[PDB]
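As a starting point, one isolated chain is supplied in structure tokens, in the form deposited in one PDB entry.
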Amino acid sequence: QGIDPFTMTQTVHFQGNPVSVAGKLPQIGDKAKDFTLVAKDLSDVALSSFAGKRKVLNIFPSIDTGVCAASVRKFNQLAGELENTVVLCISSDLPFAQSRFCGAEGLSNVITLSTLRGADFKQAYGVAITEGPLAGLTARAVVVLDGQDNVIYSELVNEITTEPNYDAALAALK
């Protein structure tokens, strides 16, 4: 067989509890699957609309907050300031609730995208939370794509309130 039976199914932690996440996060070398998500004006935005640019897919359970860690904002700012790069902050919050994201608002080349339309992205990117109070939301993950949509960095955070490795994601773009 050409598959790994010993790689355990994706599990993340929330409130000290193991939570299942459907699918498999794309790994370095994989070709990222095309997706369509919803922007702040309710228009549909396809991954193909960013052809040639490097993409930082910064995936969150929710970005609907009035207070955030400086590191969240700093990573989005730094990545968005790099040449030929777009940061896509993705969550299940509706576009009406994403505009007040403490870590994305007013940042150059940082776009918020909603899972409102459609959930095929969640399965394709292995970020769908399927158990507990968070079921229906996306897990916390970072996926960096080069100019040709090849994965150059991938991280599914073990604990949902834990920050991903921002230095490693940025290093992949250098």
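In this text, residue numbers run from 1 along the sequence as written. Take the two forms, find the largest set of C-alpha atoms that superpose within 1.5 Å, and that set is the rigid core.
Note that the form deposited in another entry isn't included here; everything after this is about it.
Core-based superposition between the shown form and the other one shows that, of 49, 65, 36, 123, only 65 has its Cα displaced by 2 Å or more. Superposition on the rigid core between the shown form and the other one places the CA atom of residue 85 less than 2 Å from its counterpart. With the core held fixed, residue 114 shows a CA shift below 2 Å between the shown form and the other one. With the core held fixed, residue 105 shows a CA shift of 2 Å or greater between the shown form and the other one.
Between this form and the other one, the CA-CA gap for residue 104 and residue 135 widens by 3 Å or more, being larger in that other deposited form. In that other deposited form, the separation between the C-alpha atoms of residue 72 and residue 90 shrinks by 3 Å or more relative to the displayed form.
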